[PDB]
Amino acid sequence: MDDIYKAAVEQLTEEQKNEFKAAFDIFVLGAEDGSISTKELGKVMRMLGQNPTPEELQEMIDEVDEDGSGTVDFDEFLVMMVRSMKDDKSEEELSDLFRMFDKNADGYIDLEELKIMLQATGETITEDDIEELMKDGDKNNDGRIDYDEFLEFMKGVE
Amino acid sequence: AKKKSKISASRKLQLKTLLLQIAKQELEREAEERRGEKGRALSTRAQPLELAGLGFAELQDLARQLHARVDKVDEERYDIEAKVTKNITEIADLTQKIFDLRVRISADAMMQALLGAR
Amino acid sequence: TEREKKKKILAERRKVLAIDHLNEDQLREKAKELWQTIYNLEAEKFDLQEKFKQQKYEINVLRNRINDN
Ligand SMILES: [Ca+2]
Ligand SMILES: [Ca+2]
Ligand SMILES: [Ca+2]
Numbered sequence: 001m002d003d004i005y006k007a008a009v010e011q012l013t014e015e016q017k018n019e020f021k022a023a024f025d026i027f028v029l030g031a032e033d034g035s036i037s038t039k040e041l042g043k044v045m046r047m048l049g050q051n052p053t054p055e056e057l058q059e060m061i062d063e064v065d066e067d068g069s070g071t072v073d074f075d076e077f078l079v080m081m082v083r084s085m086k087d088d092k093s094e095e096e097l098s099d100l101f102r103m104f105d106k107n108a109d110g111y112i113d114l115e116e117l118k119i120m121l122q123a124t125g126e127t128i129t130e131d132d133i134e135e136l137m138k139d140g141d142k143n144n145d146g147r148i149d150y151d152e153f154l155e156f157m158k159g160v161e
Numbered sequence: 035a036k037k038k039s040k041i042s043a044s045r046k047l048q049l050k051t052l053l054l055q056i057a058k059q060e061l062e063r064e065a066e067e068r069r070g071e072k073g074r075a076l077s078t079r080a081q082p083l084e085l086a087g088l089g090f091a092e093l094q095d096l097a098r099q100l101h102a103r104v105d106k107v108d109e110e111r112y113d114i115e116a117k118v119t120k121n122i123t124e125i126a127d128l129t130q131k132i133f134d135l136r147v148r149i150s151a152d153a154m155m156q157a158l159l160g161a162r
Numbered sequence: 203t204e205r206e207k208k209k210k211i212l213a214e215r216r217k218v219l220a221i222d223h224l225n226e227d228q229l230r231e232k233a234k235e236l237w238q239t240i241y242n243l244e245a246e247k248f249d250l251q252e253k254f255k256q257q258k259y260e261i262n263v264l265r266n267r268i269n270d271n
């Protein structure tokens with residue numbers, strides 16, 4: 001769907017994108033296809049005191065693997081670094100905002116409420132904006148964003 | 035194997051960062067709205083007391099009236115408190131049921157590892 | 203019955219014991235006090251009354267969440 005990292009990626013400076021290229025072009029030496037498989041992620045982890053099992057490693061990759069390649073490509077590696085970038092809403096808090104969306108108190112945020120709310124903001128809400136958010140929110144696609152989705156949906160949102 | 039998206043991902047963030055900014059803000063309003071419903075509602079139950087004009091039998095009978103109410107109200111308050119309590123349990127109980135149904149690496153450490161001194 | 207007379211009497215007693223000795227000026231003083239506390243309570247009730255409401259709502263979204271998973 002979408003992410004607080006994906007945006008962070010588009011956000012990297014042209015000077016930023018470069019060093020990760022190098023870091024990446026090195027991370028792949030001795031790799032046939034030019035992608036990061038376990039054998040490569042293993043090599044580096046090991047320079048960092050770690051020594052994950054293939055499994056623990058393959059799993060480190062699937063969290064970033066977007067084309068089912070089973071290996072990390074630049075863009076993916078790109079995301080992976082954003083993710084690993086650095087750390088800085093509480094459930095209790097979001098539980099309260101979700102309430103502010105749910106205007107009919109049915110315990111579900113629906114299109115109408117989303118739009119209403121969506122309009123509350125100054126920004127010119129387009130027809131695409133709407134269809135898209137409601138698209139990332141409704142990961143189940145039942146017409147309404149449920150509490151849990153609203154959670155994963157607003158996840159990471161400053 | 036998977037595919038790409040419809041609108042700029044950086045924007046989606048900005049709306050998300052805004053839907054909240056408002057809600058958070060719309061909460062503050064529901065809140066300032068409550069504090070106001072408290073005063074006006076207390077002004078209805080807890081009417082203002084104008085002793086200035088009362089006499090003795092007036093002042094006493096009222097003091098008796100009040101002393102008498104204090105107990106009635108402290109009881110009303112207990113009953114609700116009673117329930118709000120049962121709910122903390124309730125809420126924390128269901129909160130459990132749902133719960134039942136449902147390594148480490150830094151960026152700069154990695155870059156350090158790959159590029160060397162940068 | 204007899205047990206009920208006591209509650210009635212000892213209830214009256216409490217009134218006497220607190221107010222009867224008070225003087226014209228001390229009553230105003232007491233009425234103020236008493237009122238002031240009555241209010242303090244009625245307010246403690248409100249916040250709770252409110253609490254209870256949001257609670258009705260917190261729970262509901264729980265039953266919603268549950269049925270769904
Ligand atoms: Ca891939
Ligand atoms: Ca709704
Ligand atoms: Ca949904």
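Residue numbers (the entry's author numbering), protein chains in the order written: chain A, 1 to 88, 92 to 161; chain C, 35 to 136, 147 to 162; chain B, 203 to 271.
Quick reminder that beta carbons are idealized off the backbone N, C-alpha and C, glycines included.
How is the alpha helix (DSSP H) around residue i delimited, first residue to last?
i	result
residue 211 of chain B	204 to 221
residue 113 of chain A	Premise fails: residue 113 of chain A lies in the beta strand (DSSP E), 111 to 113, not in any alpha helix (DSSP H).
residue 54 of chain A	54 to 62
residue 70 of chain C	43 to 79
residue 46 of chain A	Per DSSP, residue 46 of chain A belongs to no alpha helix (DSSP H) and is neither H nor E.
residue 113 of chain C	90 to 135
residue 249 of chain B	226 to 270
residue 103 of chain A	94 to 104
residue 138 of chain A	130 to 140
residue 1 of chain A	Element bounds for residue 1 of chain A: n/a, residue is neither H nor E.
residue 83 of chain A	74 to 83
residue 85 of chain C	Per DSSP, residue 85 of chain C belongs to no alpha helix (DSSP H) and is neither H nor E.
residue 153 of chain C	151 to 159
Please report the straight-line C-alpha distance between residue i and residue j, rounded to a whole angstrom.
i	j	result
residue 248 of chain B	residue 13 of chain A	54 Å
residue 73 of chain A	residue 253 of chain B	52 Å
residue 261 of chain B	residue 85 of chain A	37 Å
residue 264 of chain B	residue 122 of chain C	13 Å
residue 124 of chain A	residue 134 of chain A	16 Å
residue 258 of chain B	residue 97 of chain C	38 Å
residue 145 of chain B	residue 83 of chain C	With chain B covering 203 to 271 only, the question about residue 145 of chain B has no answer from this structure.
residue 152 of chain A	residue 146 of chain A	12 Å
residue 143 of chain A	residue 152 of chain C	36 Å
residue 122 of chain A	residue 128 of chain A	7 Å
residue 40 of chain C	residue 56 of chain C	25 Å
residue 219 of chain B	residue 120 of chain C	37 Å
residue 227 of chain B	residue 203 of chain B	39 Å
residue 104 of chain A	residue 11 of chain A	29 Å
residue 6 of chain A	residue 66 of chain C	37 Å
residue 111 of chain C	residue 214 of chain B	23 Å
residue 69 of chain C	residue 61 of chain C	13 Å
residue 125 of chain C	residue 256 of chain B	11 Å
residue 97 of chain A	residue 108 of chain A	15 Å
residue 71 of chain A	residue 54 of chain A	12 Å
residue 46 of chain A	residue 52 of chain A	8 Å
residue 116 of chain C	residue 136 of chain A	42 Å
residue 43 of chain C	residue 139 of chain A	11 Å
residue 32 of chain A	residue 20 of chain A	20 Å
residue 237 of chain B	residue 107 of chain C	12 Å
residue 106 of chain A	residue 9 of chain A	35 Å
residue 112 of chain A	residue 130 of chain A	18 Å
residue 113 of chain C	residue 105 of chain C	13 Å
Comparing alpha-carbon positions, which option in the options lies nearest residue i?
i	options	result
residue 25 of chain A	A:77, A:97, A:96 and A:45	A:77
residue 94 of chain C	B:257, B:225, B:207 and B:245	B:225
residue 64 of chain A	A:83, A:51, A:55 and A:122	A:83
residue 81 of chain C	B:270, B:250 and B:240	B:240
residue 157 of chain C	A:130, A:41 and A:119	A:41
residue 92 of chain A	C:58, C:45, C:127 and C:89	C:58
residue 150 of chain A	A:102, A:126, A:114 and A:159	A:102
residue 99 of chain A	A:154, A:59 and A:60	A:154
residue 37 of chain A	A:61, A:17 and A:52	A:61
residue 242 of chain B	C:91, C:89, C:64 and C:103	C:103
residue 269 of chain B	A:110, A:75 and A:15	A:110
Taking residue i and residue j to be in contact with their CB atoms under 8 Å, please state how far apart those CB atoms are, rounded to whole angstroms.
i	j	result
residue 91 of chain A	residue 38 of chain C	There are no atomic positions for residue 91 of chain A here, as chain A continues from 88 directly to 92.
residue 51 of chain C	residue 161 of chain A	6 Å
residue 50 of chain A	residue 147 of chain C	7 Å
residue 230 of chain B	residue 85 of chain C	5 Å
residue 100 of chain C	residue 132 of chain A	That pair is no contact at about 59 Å.
residue 53 of chain C	residue 245 of chain B	The Cβ separation is near 34 Å, so there is no contact.
residue 35 of chain A	residue 28 of chain A	7 Å
residue 47 of chain C	residue 4 of chain A	6 Å
residue 155 of chain C	residue 162 of chain C	7 Å
residue 57 of chain A	residue 149 of chain C	The Cβ separation is near 11 Å, so there is no contact.
residue 266 of chain B	residue 132 of chain C	Actually they are not in contact, since the Cβ atoms of residue 266 of chain B and residue 132 of chain C sit about 10 Å apart, beyond 8 Å.
From what residue to what residue does the beta strand (DSSP E) around residue i run?
i	result
residue 148 of chain A	147 to 149
Item to check | Length-filtered (4 minimum) alpha helix (DSSP H) runs lying within the segment 11 to 42 of chain A | outcome: 14 to 27
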